[PDB]
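Commentary on secondary and tertiary structure
Each chain, written out:
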Amino acid sequence: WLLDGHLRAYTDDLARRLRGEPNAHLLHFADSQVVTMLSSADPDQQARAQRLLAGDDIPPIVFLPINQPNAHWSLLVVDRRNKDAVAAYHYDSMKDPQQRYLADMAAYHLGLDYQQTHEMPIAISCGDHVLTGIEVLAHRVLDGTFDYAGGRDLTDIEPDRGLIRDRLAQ
C-alpha cells in the first residue's frame, strides 16, 4: 500500500505538471499528514493544520487524502469558491462508519457542515484510486468541465497502476 509520502510525491509531481495551466492556481493538493492533523488532540497541531488548509491564502478547490492508518485511503474534495455555498465531495472505494467519520471530522475542522458532504461513488490500491481521482478532477478544473452537471463524477475511473508507479519513479 501507499504511504503518506507516496501521495505527497505524486501530488507534488502533479502540481509541477500543471504549473501555469488555466485555473491551476485554484487547486490545492493537501498533504495527507496535515489533513490528519486537523483532528489532533494537540491544539497547536490542529491550528497549524487549519492555517495550512483553510487560511485566507489557501486556494479554494482543496483535495484532502483521508488516511485510515494501514487500513484505507479515500478522497475529500472541498470547493469553497462560493463562501455562502461550499460544496464537498467524499469519494470512497470502500463499510463500517470510520472512513466517513474521518471525512466528516476533516469537514467539521475546516469550518464546514459535514451533513452537506456528498457521498460519491468511485471506480465501482485504494491509494491508487485517490491519486487517480485527484488527477482526473484536477484536469477537469483546468479545462473548465468540473462545473458542468456530472463534472465531479468518478464512478467509472480506472487507476493506471503503471502510470502511477512510473510517475512515482520520476
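About the thresholds
Residues numbered from 1 in each chain as written, not as in the entry; some residues may be left out. Heavy atoms only, no water. Helix = DSSP H or I, 4+ residues; strand = E, 2+ residues; numbered from the N terminus. Rg over C-alpha atoms; globule rule 2.2 N^0.38 Å. Buried < 20%, exposed > 50% of the residue type's maximum accessible area, 1.4 Å probe, protein only. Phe/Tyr/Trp six-rings, centres within 6.5 Å; stacked < 30°, edge-to-face > 60°. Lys NZ or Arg CZ within 6 Å of the ring centre and 35° of its normal. Core = buried A, V, L, I, M, F, W, Y, C linked by side-chain atoms within 4.5 Å. Contact = heavy atoms within 4.5 Å. Pairing = 2+ DSSP bridges. Axes fitted to C-alpha atoms, helices over the stretch in contact; angles between N-to-C directions. Parallel < 35°, antiparallel > 145°, perpendicular 65-115°, else oblique. Nonpolar A, V, L, I, M, F, W, Y, C, P; charged D, E, K, R; others polar. Salt bridge = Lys/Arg side-chain N within 4 Å of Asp/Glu carboxyl O.

For this deposited structure, the header cites X-ray crystallography as the method used and 1.95 Å as the resolution.

Time to look at the overall build of the protein chain. When its secondary structure is counted, the protein chain shows six helices and five strands. Reading the secondary structure of the protein chain in the N-to-C direction produces α-β-α-α-β-β-β-α-β-α-α. In summary, the protein chain has a C-alpha radius of gyration of 15 Å against a globular reference of 15 Å for 170 residues, a match within 12%. Referenced to the eigenvectors of the C-alpha coordinate spread, the extents of the protein chain come out at roughly 40 × 35 × 30 Å. Here the protein chain holds 170 residues, and 46% of them are scored as buried.

Looking now at the packing of aromatic side chains. Here the structure, examined in full by the defined rule, presents one aromatic pair. Across from the ring centre of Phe146, 5.8 Å away, lies the NZ or CZ of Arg152, which sits over that ring.

Here we come to the nonpolar core. Within the largest apolar cluster, 30 residues are counted, with the highest numbers of intra-cluster contacts made by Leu18, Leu27, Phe29, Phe63, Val77 and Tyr91. Of all elements in the fold, only α1 (4-18), β1 (27-29), β2 (61-68), β3 (72-79), β4 (87-91) and α5 (126-142) reach the threshold of two or more residues within this core. For this core, the element with the most residues is α5, which contributes eight residues. Once you skip the residues sitting within four places of it in the chain, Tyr91 turns out to touch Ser74, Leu75, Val77, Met120, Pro121, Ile122, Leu137, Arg152 and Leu154. In this structure, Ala30, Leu53, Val78 and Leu112 belong to the second largest nonpolar core, which totals 17 residues.

Moving on: the pairing of β2. If a strand is regular, its side chains alternate between the two faces of the sheet. Of all eight residues in β2, eight are buried; the element is thus mostly enclosed. Burial along β2 is two-sided: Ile61, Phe63, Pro65 and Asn67 and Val62, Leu64, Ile66 and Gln68, pointing in opposite directions, are all buried. Bridge analysis of β1 against β2 gives three bridges, and the strand direction is parallel. When the bridges of β2 are listed, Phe29 appears paired with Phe63. Direction of pairing for β2 relative to β3: antiparallel, over a ladder of eight bridges. Residue pairing for β3: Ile66 is matched across the bridge by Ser74. Count of turn residues in the β2/β3 antiparallel hairpin: three residues, of which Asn70 carries a positive phi of about 55°.

Viewed as axis vectors pointing N to C, α5 and helix α6 (residues 161-169) meet at an angle of 85°, and their least axial separation amounts to 10 Å. One element, α5, and the other, α6, form an angle in the roughly perpendicular class. Contact residues: α5 offers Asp128, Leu131, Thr132 and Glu135, while α6 offers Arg161, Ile164, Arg165 and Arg167. Here the residues of the contact of α5 with α6 sort into two nonpolar, one polar and five charged.

One pass over the full model with this rule turns up twelve salt bridges. Two residues, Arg17 and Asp13, come together in a salt bridge whose shortest N-O distance is 3.0 Å. Taken together, the positions of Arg17 and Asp13, both in helix α1 and four residues apart, correspond to about one turn of that helix. Residue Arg100 pairs with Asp104 through a salt bridge whose shortest N-O separation is 2.7 Å.

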